[PDB]
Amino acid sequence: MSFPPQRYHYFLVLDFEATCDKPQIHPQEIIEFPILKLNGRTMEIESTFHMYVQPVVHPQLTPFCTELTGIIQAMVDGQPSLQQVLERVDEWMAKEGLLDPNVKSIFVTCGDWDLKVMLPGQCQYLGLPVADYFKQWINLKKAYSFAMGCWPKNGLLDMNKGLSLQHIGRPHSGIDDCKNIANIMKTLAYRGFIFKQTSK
């Protein structure tokens, strides 16, 4: 087969960037919140959510963080905080039609960190409830391992290598990481893979 029927109407590709430092800052805070809505059958990008987020606990970005992500201070200054961004996300979900119980969608991330560690950890820190659509997801490294029969070593770069795909955009940009995840998904579906929830 090729581009088989999938179990979901849409895939929501997500890749946070967060405050960081050498050695690691504590706690980390989300500073970039991108979502790509993919057509569930063809994997084409149909809509994009993208907001930078103002960190509060450590409001000044370290030089390491800027070097790593490309995100400069003026991009987060004046932005809403995570709480407001999470409400913007919910409105975006509603307008996309994804809050319909008969429309099936699922988040896709490179690894488990984004939705297993980063978002629940910051939300608990903030005393915010986590929306239920953030609680199931597909780990692309785990899906790739089932599709290709091997464990990639360095996330997106090694998955692009095994699939002979040219990298899209700037590494460690949240939105560009999402596009690479989208591109890998399209190739896995081209090869006939059917995606399944991996989160426990």
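One-based numbering along the sequence shown.
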query	finding
Stretch with the greater mean C-alpha B-factor as recorded in the entry, comparing 128-136 against 35-43	128-136
188-196 or 15-23, whichever carries the higher mean Cα B-factor	188-196
B-factor third for the C-alpha atom of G174 within its chain	lowest
CA B-factor placement of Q79, once the chain's modelled residues are sorted into thirds	middle
B-factor third for the C-alpha atom of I30 within its chain	lowest
Chain-relative CA temperature factor third for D114	lowest
Ranked against its chain, the third holding the CA B-factor of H50	lowest
